Amino acid sequence: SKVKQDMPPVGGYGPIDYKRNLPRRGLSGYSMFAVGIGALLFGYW
Amino acid sequence: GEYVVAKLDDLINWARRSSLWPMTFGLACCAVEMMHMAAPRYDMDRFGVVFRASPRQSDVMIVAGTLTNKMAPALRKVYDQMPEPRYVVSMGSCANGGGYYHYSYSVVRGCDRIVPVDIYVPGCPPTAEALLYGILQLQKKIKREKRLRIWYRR
Amino acid sequence: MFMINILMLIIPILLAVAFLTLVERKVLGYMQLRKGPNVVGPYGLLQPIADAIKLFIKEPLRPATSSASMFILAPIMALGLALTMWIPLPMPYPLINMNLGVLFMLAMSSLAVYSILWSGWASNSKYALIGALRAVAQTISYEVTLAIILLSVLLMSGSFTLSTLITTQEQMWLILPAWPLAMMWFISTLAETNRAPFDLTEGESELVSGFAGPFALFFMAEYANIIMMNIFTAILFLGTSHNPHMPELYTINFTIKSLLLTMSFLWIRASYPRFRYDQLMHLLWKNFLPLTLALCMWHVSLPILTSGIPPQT
Amino acid sequence: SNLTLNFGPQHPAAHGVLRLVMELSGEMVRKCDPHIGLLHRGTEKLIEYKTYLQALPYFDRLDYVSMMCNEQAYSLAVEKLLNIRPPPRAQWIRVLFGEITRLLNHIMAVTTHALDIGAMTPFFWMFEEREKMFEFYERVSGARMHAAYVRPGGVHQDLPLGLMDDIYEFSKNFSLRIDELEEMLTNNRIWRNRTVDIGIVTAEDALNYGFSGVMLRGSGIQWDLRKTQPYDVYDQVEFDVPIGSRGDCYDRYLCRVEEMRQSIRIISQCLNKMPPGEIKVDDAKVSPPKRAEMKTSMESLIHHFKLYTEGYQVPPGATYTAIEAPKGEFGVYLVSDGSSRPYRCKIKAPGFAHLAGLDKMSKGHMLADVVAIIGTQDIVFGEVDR
Amino acid sequence: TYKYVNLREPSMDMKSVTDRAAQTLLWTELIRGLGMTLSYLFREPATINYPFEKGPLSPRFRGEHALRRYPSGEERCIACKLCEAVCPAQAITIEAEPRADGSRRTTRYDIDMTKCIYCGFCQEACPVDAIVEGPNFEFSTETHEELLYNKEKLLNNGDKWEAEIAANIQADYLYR
Amino acid sequence: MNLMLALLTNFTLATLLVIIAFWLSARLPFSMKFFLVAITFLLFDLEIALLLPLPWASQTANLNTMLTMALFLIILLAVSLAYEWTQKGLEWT
């Protein structure tokens, strides 16, 4: 019989991610303040 | 009278076993498997066994690890400060009977020399499931109690 | 019929507190990839009952207080005052329609700290008194911003009557014109009620070596205050339109907002680490208070310069 | 005045009980006096009554979060005195499970570090991952924690068929789990307020105080025993050493999180480069023969009988052997007198020197900064006390 | 090879400055953390319904001990005392004598389950597969004395669990 | 009459629950800083007593005078904070 042993598949395993991935979200600071002030002004009116 | 006492023990036994707040001495290895019982796979909180407590709010003390002579007085003092009813669960070979350090000059050969123990959980360490089985075994032990039936017959 | 009215306020509060313990444990359980209580009663509905009975038949600590007179007074003051803060709340109709309702709740809440002090003296321990002085110093500090923020909002309402806050927000929630105040208000209530990330008494107690029924009564008082803060926050900032013919429509919408606000304390407790004691003191005396004073200046001037001064009546 | 920090947190924690005698003035810490020995169990004296195989399980129970790494250190020390060499597949398995163990330790180190500070949710997310890695331990050894798998000569048993694919499946998704952990802590102003500029240690003070591991690399010292003094097959894998710039708790926290990512990077190479062959040194005077040989061959049965009673004899000599354990440099000064039982076995625990530096690192900090500083050192009193 | 974990210089152009000011005043990085815990609330929990569901184990699992038999019913143990010799905890105590038929068998076989470290060395040392660690792990007791096993207890454990022990051995003996 | 009866009920139940739950002089080393936190609270609380009438003060014909005095009071509150801050009365080290 041929030796049978826990081995990786032919060609190896697929890629594995490891690098940090914190996606960039949100508006610029200008946009956030502009929205915040717009809400204030609407509420004031 | 006889009927009421039987149903009254049923109530308080249900309440005490359905709300077992533990104080764990994370002394050593076994505290890791103890943490795995609180982790999401087993989630001891779902049985009513809360995560954090405080010695003076605890119902059960889990001795999870080796108890050395240096630690023995402090463990007894915590047991003495627990309000009653209080139970002790001995988890793992070290707390059970000394285990792999049984013949050491500095190890208490079983925590049952220091405090009375209700349940002994074997293993080195017992798996998180083994500890959960021991905790649910203690609930059955409380379910068997008959404080008022005995009191009523005094 | 007024005694009956008092009871259908008190008892539903204590039941709401009992089941908030269940909801907190399950909301935190699922945010932590687990379940929380689901064995004691279907979906854990009997867990609060099991805990309540367990705590009351639990042997007392037998502590030996230094002042029996004032060991008992502390929990009575805590739970008695907590129930008192509910009687002017318009849901939509208050139990007592107080002309100066806002002052009444500000005045009653200022007495809450007496229970913290009185327990420290009754503790009979050096370390427990030190802990009581740190809790008091934090609570009174965050009362400063709450009082000023509250006043700034009332300058757009024009009254100390709590029902007027409902009228003030007929066309719009006050959160729009005053979201900067709403943010500091919300965080002040977390700090005021000593909730995470400001739960310093729970934390610093967990550090220093030395520092059941009576625990239960104290607990219920604290959690009835959490629910009341969030009810007050909804009334103050998310006013619900009131239909006199369909008054229960207001109650449903108002209750949902209170629950969502109460569930957000749970959400926040699941999400952040704990402040350091000096760090939450810097948060108020060096961040919130300078901004609250400047916005109090702004909100006094704003109605005048826009000709948007509200009426007294 | 004078305080004493509690033995442990109110929530369940696994690192041992400490008696910390504190001097304070106002909120400031004036002196820290760690009183240890509350978990001293006389391991080193017990090892003197055990054969070299019988003593191996004592090492799982030292840094009982990094079980197989402690085994590897002891195995390397014994293999060095024996003058033998474990087979290449065993070396790859040992590096593979060394990095899996590093993940186990760093999850415990980082999430309990947050849990003690009050950020408790990441603990629950990440011990579901630890639970799956316990399954890898149990599948090769039958035990979730104290495997006794790595032994002088190689490893006890070969990987069960299908284990490597499951390790690949776990490693595939793990980086996202680290990403969620960082979302809760890395940029959190509260977490940074609790960690930034806390427990600063200078590079020179770190070396003279005997620090190692992240305690050195957080201060900018470019040292990693896997790079400088490689063992097993660590010289055949590619990874980067994370280096800090400010020497404080926050920089050491980032180093541990980055080390977790590099461990996943190394595990990826071990899965792809795993070679065939035997798992323990083909030398029946050190490693026991296969059970089928023991039941058929006279020589095999004799060697099985002697290895499991007297044990193998180690030539006389003394070695200090150390590895890059997840907690720093873990070493053993192993003395052989020529018999089958060690004469002396000193264990160098990285946390021993680190806890000796707590007094230094806490000068001029608040009472709650001591919590963070013991956290950033990642202390397990199993290894500190022996 | 090394990398820097925290060696970034913030950009001091007014736009970047204003971005950091918005983060401070509007708590945006704190809002982001709330999203992550919210996303978990709507995830399926990892909890299993113990004791109706059980954690997955492998055939190698080292649980409660048992003494095994040959298919004839004769005991496999021949009192060689290799398990007693290798036991790291000195948890095994053995005595033996010639049986009434002259067979080499034990008269005492004790395992102190509160000394044992559940290491499996005894079942590796055994030349006849007599002593094994079975799959049972749910055997906690109410007294210390119930964890001091004698030969009758261990033989009963073998008769109790043999159906599963034999299958586990069949699934792993080619790795040994 | 209604308020007193409400107040009596709340505290009578609190006593009732408490009795069921229970039966059925030198210088503390606590710091100076914590004293000055309490005294700072009091003085700020006193200046907050004066701001409470503002929602009624805004209906006055003499708005120029009201607004000047409202901002004047709050600015002194700011200056009081600024003085403790710069005199290191808010530091905890």
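Should a chain be cited, it is by its letter among A, B, C, D, E and F, assigned in written order, with residues numbered from 1 in that chain.
Note that in this section a residue touches a chain if its C-beta (ideal position, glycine included) is under 8 Å from a C-beta of that chain, and two chains touch if they have at least 3 such contacts.
Trainee: What is the set of chains touching both chain B and chain C?
Mentor: Where chain B and chain C share a partner, that partner set is D, E.
Trainee: Tell me which has more C-beta contacts between its two chains, A-D or A-E.
Mentor: A-D
Trainee: Counting only Cα atoms for the centres, state how far chain D is from chain F in Å.
Mentor: Roughly 54 Å, centre to centre.
Trainee: Between chain A and chain F, what's the gap in Å when you average each chain's C-alpha atoms?
Mentor: 46
Trainee: Can you give the whole-Å distance between the Cα centres of chain B and chain D?
Mentor: 30
Trainee: Whole-Å distance, chain B centre to chain E centre, using C-alpha means?
Mentor: Comparing mean C-alpha positions, chain E is 21 Å from chain B.
Trainee: Two or more other chains touching the same residue: where does that happen in chain C?
Mentor: Within chain C, the residues that touch at least two other chains are 29, 31-35, 60, 206, 270-272, 277-278.
Trainee: So which bits of chain D are touching at least two other chains?
Mentor: 7, 9-10, 27, 57-58, 121, 124-125, 128, 131, 146, 158, 160, 183-184, 187-188, 190, 258, 366
Trainee: Taking each residue of chain A in turn, which ones touch at least two of the other chains?
Mentor: 36
Trainee: Which chains touch which?
Mentor: A-C, A-D, A-E, B-C, B-D, B-E, C-D, C-E, C-F, D-E, D-F
Trainee: Under the stated contact criterion, what part of chain B meets chain C in this complex?
Mentor: So the residues of chain B touching chain C come out as 11-12, 14-16, 18-19, 39-40, 43, 45-48, 50, 54, 56-57, 59, 83-85.
Trainee: Any idea which chain A residues touch chain D in the complex?
Mentor: Per the touch definition, chain A meets chain D at residues 3-8, 12-14, 16-22.
Trainee: Give every residue of chain A touching chain C within the complex, in rising order.
Mentor: Chain A residues touching chain C: 36, 39-40, 42-45.
Trainee: Enumerate the contact residues on chain C facing chain D in the complex.
Mentor: On the chain C side, the touching residues are 31-34, 196-197, 199, 203-204, 206-210, 270-279.
Trainee: For chain C, which residues are in contact with chain F within the complex?
Mentor: The touching residues are 2-3, 6, 10, 56, 60, 72, 75-77, 79-80, 83-84, 87, 95-96, 103, 126, 129-130, 133-134, 136-137, 140-141, 143-144, 147-148, 151, 154-155, 157-160, 213-214, 216-217, 277-278, 281-282, 285-286, 289-290, 293-294, 296-297, 300-301, 303-304, 309, 311-312.
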